[PDB]
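# sequence below, structure please.
(chains A, B, C and D)
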Amino acid sequence: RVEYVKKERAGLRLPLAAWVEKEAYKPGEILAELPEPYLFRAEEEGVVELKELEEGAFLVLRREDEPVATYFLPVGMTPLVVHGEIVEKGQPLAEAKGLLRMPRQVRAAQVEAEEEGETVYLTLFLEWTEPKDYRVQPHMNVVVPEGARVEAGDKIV
Amino acid sequence: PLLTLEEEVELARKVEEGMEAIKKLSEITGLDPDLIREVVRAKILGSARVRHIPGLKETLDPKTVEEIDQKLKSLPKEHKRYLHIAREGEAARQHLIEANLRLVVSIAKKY
DNA sequence: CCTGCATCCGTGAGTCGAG
DNA sequence: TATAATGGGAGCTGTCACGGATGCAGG
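Numbers count the residues shown, from 1 in each chain, chains lettered A, B, ... in the order given. Now the structure:
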């Protein structure tokens, strides 16, 4: 099982009062508390790429190929869209209910917050790990030990 | 006990890579491949077995196996790797021979 | 543990002749 | 020098009596 380290940048917009203000967010730590269901709307137009994790997900919006948007969906927010779907500015991408928090897999290193109206658009720098399994036949052998860090191009088996 | 396929493959691999490592150490130190092989084997088997080999150009006493072992250990790290490779190669060889001994019985029972 | 009896193991079992 | 093969096989049976050592239950 190779856990691949990935660090990206994704925005999330929330009601201003509901947000619990913190410099950074530990995995599982409460991101906010909602008095009432809040739909998280699309701020850009394009096709949707939904990348789902063990818990929580990523919405990558794009026109042509190059991504025009990257949104992060934390725990407690149920996605309202499918993969490969057309969305326009203002239509709900997902639905957040009650208390929402960070996934146990991913951690937010730094948070850039912006005041706009009654909301705040958080720019998250997120770090997580995506696992990939490799089946080993009896005729092969593992050249790497337990918990050993490998870079790109390095031989495992 | 009898080997599982993975163990068979593993031992064979260790043996082959061990021989390759011996050729490598021969290319490095400049000694006889047979000499190096018999020194590695001497260290793997134990202190119990050291005996003059008809093939070697020199008498192999523990004194000489220690001289050669000391000339092998004093090599640079990346070169010293092949020593360990060869050692585990010989151990794997012993284990491999000892593992398949039943086959010899079942073959010789027909003769 | 020291003595005594039960048990196992090895050792023997005529000479010469003829085949 | 390359499918894979992975713990044997016959046994000799109806003598007899000894010395010495070895072992076990009993006083």
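# in chain A, which residue sits closest to chain B?
Residue nearest to chain B within chain A (Cβ to the nearest Cβ): residue A:138, separated by 4.6 Å. Where C-beta positions appear, they are placed from N, C-alpha and C, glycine not excepted.
# just checking, residue B:57 is part of a strand?
No. Counting by DSSP: H, G, I helix; E, B strand; the rest coil, residue B:57 is not part of a strand but coil.
# separation between it and residue B:34?
Computed as Cβ to Cβ, to the nearest Å, the residue B:57 to residue B:34 distance reads 8 Å.
# do residue A:33 as well
Applying Cβ to Cβ to residue A:33 and residue B:34 gives a distance of 78 Å.
# and what of residue A:47?
69 Å.
# who's more crowded, residue B:57 and residue B:34?
The residue with more neighbours, out of residue B:57 and residue B:34, is residue B:34; 14 against 8, by other Cβ atoms under 10 Å in any protein chain shown.
# isn't that one right up against residue B:55?
Yes. With contacts counted by Cβ atoms under 8 Å, residue B:34 reaches residue B:55, the gap being 5.6 Å.
# next up, phi/psi of the residue of chain A closest to chain B, please.
As for residue A:138, its main-chain torsions (degrees, to the nearest 10) stand at phi -60, psi -20.
# contact partners for residue 72?
The chain I'm using is chain A. Residue A:72 makes contact with A:10, A:11, A:12, A:56, A:58, A:59, A:124, A:126, according to Cβ atoms under 8 Å, 6 or more residues apart in numbering or on different chains.
# correction: the question concerned chain B.
Going by Cβ under 8 Å, 6+ apart, the list of residues near residue B:72 reads B:25, B:29, B:36, B:39, B:80, B:83.
# leaving out sequence neighbours, find the closest residue to the residue nearest in space to the middle of chain B.
Of all residues in chain B, the one closest to the mean position by Cα atoms, centre = their mean is residue B:90, 3.1 Å from it. Excluding the flanking residues, the one nearest residue B:90 by Cβ to Cβ, 6 or more residues apart in numbering or on different chains is residue B:44, at 4.1 Å.
# got a list of what that neighbour touches?
Residue B:44 sits in contact with B:87, B:90, B:91, B:94, where contact means Cβ under 8 Å, 6+ apart.
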